[PDB]
Amino acid sequence: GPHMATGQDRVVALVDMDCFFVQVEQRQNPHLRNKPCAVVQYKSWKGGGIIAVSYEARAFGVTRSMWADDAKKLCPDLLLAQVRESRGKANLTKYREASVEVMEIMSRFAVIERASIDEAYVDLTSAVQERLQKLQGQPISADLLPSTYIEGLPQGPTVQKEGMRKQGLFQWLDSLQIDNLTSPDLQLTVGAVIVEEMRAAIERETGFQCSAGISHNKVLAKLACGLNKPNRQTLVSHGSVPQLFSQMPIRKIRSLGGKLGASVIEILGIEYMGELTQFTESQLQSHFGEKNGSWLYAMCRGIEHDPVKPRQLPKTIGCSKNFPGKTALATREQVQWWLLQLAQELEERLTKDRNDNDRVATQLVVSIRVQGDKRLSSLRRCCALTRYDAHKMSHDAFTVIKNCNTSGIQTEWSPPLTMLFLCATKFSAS
DNA sequence: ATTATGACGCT
DNA sequence: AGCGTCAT
Ligand SMILES: Nc1nc2c(ncn2[C@H]2C[C@H](O)[C@@H](COP(=O)(O)NP(=O)(O)OP(=O)(O)O)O2)c(=O)[nH]1
Ligand SMILES: [Mg+2]
Ligand SMILES: [Mg+2]
């Protein structure tokens, strides 16, 4: 009753750039704008692997993880942009720099948590309180929410999508109690006003469009962001959760799309998020552990407490390359040359990071995969990172991995290596 | 032969 | 510390 916490204490948004790498390439090359187009890495094997797809191309069935030659079967007029190659490998610097552009704009409105190259969570609780004091009990006009959907509305007592969006928004606004400065629904609405402004600023100042979700926590904001893409934002209220979750497959919730979500489905014999409400917190803890169990018990009621961490910068800086099938590295000279190429890219990125961000990495993590292992990493070893020098880092990485070489011969490497990965970690202020 | 990342939990 | 999971 009155003591049952409802998880309505915060306003959290999730902003995700639409088809990011595609948008970066479309800004640079106007010939690609408003076209079916995709971004690929490499080219010789099956035309390269697609990693980003414009919404026009998605209409033809083009998806990430598809080979470009196969995508061209679905969409013969598909336009392609290739990721830059440097030192023999894909180099994603252009997209990391575009990411910094967007995150610096977002940081003007609120503290952000960088969740990925193109997505960030935003804690808007304080900004909403501020705007509410400025509003002085003034109602919120639909004109302030020109790209907002209200999930679950319209309901009750009409043909085109924009008209639907507007009917739902009018139903939502008409039910608002703009008197109460602590009304959670009002707080979410003001949060959506602020996110409209932030998304407008991103587009004005970068050219990039994004989608967003506004709710009371990170998981609901992420789910909301996905409901109306591209170039739109969605408000998921606490009250919308029972209906939304009643037909939501468990795998759609962040963190349940893998083995744990499959175990929830199989152990409990359920399909949808809402079905979780019928179990006690102790029941869920018994099957999934104390942490997961408490998290599921709260999450299926729309409640989640994970804070938006004040972290705009990545925690690690890493360089990785796969050597699939017959390109695997089978000589010591090969392994050394590629460790050196990865280390030269890492040194470049680390030196720029130190100049921009006043910090230095202190640990080097070396990961490899050997032929025949189905795991991502076959072996992971750390060593000290005391100087931003590529020949030093590559020699140190070789020293920490050289014992994996089964070959009695000094020149050969067996079993050959199908992946190398260098990662700088454990940053300290400098 | 999906690839290049990045976060975080477990023990 | 090193390994596994989740994402994408
Ligand atoms: N190197 C690499 N980059 C990737 C990979 N997957 C994605 N990216 C890059 C390319 C993506 O542009 C970017 C952001 O990933 P999303 O937010 O998951 N996809 P997007 O923004 O394209 O579409 P949406 O409108 O649905 O949000 O990360 C990958 O496997 N490898
Ligand atoms: Mg995106
Ligand atoms: Mg994203």
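Proteins get letters first, then strands, A, B, ... in listed order; numbering begins at 1 in each. Keep in mind that the numbers below use all heavy atoms, side chains included, and drop hydrogens, waters and symmetry copies.
- Among the heavy atoms of the strands lying under 4.0 Å from A:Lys321 are primed sugar atoms or P, OP1, OP2 only; no base atom is included.
- Residue A:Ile117 is classed as having no contact, given no heavy-atom separation below 4.0 Å to the nucleic acid.
- Residue contacts shown for A:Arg251 are absent, as no nucleic acid heavy atom lies under 4.0 Å away.
- Proximity of a side-chain donor or acceptor of A:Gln26 to a complementary backbone N or O of A:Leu32 within less than 3.5 Å is detected.
- Using a 4.0 Å heavy-atom cutoff across all strands shown, A:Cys423 reaches no nucleic acid atom at all.
- With hydrogens and angles left out, the side-chain atoms of A:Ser211 and A:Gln233 include no donor and acceptor closer than 3.5 Å.
- Distances shown here put every side-chain N or O of A:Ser116 at or beyond 4.0 Å from the OP1 or OP2 atom of B:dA7.
- Atom-to-atom, CG of A:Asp118 to P of B:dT5 comes out at 15 Å; the value is rounded to the nearest Å.
- Side-chain atoms of A:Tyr42 lie closest to B:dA4 of the nucleotides B:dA4, B:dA7, B:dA1.
- Checked by atom type, the side-chain pair A:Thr63/A:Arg58 shows no donor-acceptor distance below 3.5 Å.
- Spacing between atom CZ of A:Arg64 and atom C1' of B:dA4 amounts to 10 Å, rounded to whole angstrom units.
- Contacts of A:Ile50 with the nucleic acid, taken as non-hydrogen atoms under 4.0 Å apart, are absent.
- With ring centers used as reference points, A:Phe279 lies 6.0 Å or more from A:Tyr297.
- Judged by closest nucleotide on DNA chain B, A:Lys326 is the one of A:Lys326 and A:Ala90 placed further toward the 5' end.
- Regarding A:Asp306, its CG atom lies at a distance of 13 Å from the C1' atom of B:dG9, rounded to whole Å.
- Side-chain N or O atoms of A:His238 include none that pairs as donor or acceptor with a backbone N or O of A:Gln8 at under 3.5 Å.
- With rounding to whole Å, A:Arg96 atom CZ is found 8 Å from B:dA4 atom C1'.
- Listed pair A:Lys43 / B:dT3 fails the phosphate criterion, with no side-chain N or O lying under 4.0 Å from OP1 or OP2.
- Using P as the reference atom, C:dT8 and B:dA1 are 24 Å apart when rounded to the nearest Å.
- Residue A:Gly49 is out of contact with every strand shown, counting any heavy-atom pair closer than 4.0 Å.
- Neither OP1 nor OP2 of B:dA1 sits under 4.0 Å from any side-chain N or O of A:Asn322.
- In this structure the side chain of A:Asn228 reaches within 4.5 angstrom of the side chain of A:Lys161, judged on heavy atoms.
- Both A:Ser377 and A:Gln363 lie close to DNA chain C; mapped to their nearest nucleotides by heavy-atom distance, the more 5′-ward contact belongs to A:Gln363.
- Taking atom CG of A:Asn91 as the reference point, atom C1' of B:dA4 lies 11 Å away to the nearest angstrom.
- The side chain of A:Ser65 lies closest to B:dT2 when the candidates are B:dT2, B:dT5, B:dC8.
- With no hydrogens or angles considered, no side-chain donor-acceptor pair links A:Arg27 and A:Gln23 at under 3.5 Å.
- Between A:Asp353 and A:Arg349, none of the side-chain N atoms (NZ, or NE/NH1/NH2) sits under 4.0 Å from a carboxylate O, so this pair counts as no salt bridge.
- A centroid separation of less than 6.0 Å is found between the aromatic rings of A:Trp338 and A:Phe323.
- If you walk DNA chain C from 5' to 3' and mark each nucleotide with an atom closer than 4.0 Å to a heavy atom of chain A, the marks span C:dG2 to C:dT8.
- A straight line from CZ of A:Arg380 to P of B:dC8 spans 15 Å, rounded to a whole angstrom.
- Closest to the side chain of A:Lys315, out of B:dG6, B:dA4, B:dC8, is B:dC8.
- Considering only the side chain of A:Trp67, B:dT2 comes nearest among B:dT5, B:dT2, B:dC8.
- Atom CD of A:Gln312 is separated from atom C1' of B:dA7 by 17 Å (rounded to the nearest Å).
- In this structure, A:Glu113 atom CD and B:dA7 atom P are separated by 10 Å, rounded to whole Å.
- When the nearest nucleotides of DNA chain B are assigned to A:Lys291 and A:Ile317 by heavy-atom distance, the more 5′-ward of the two goes with A:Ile317.
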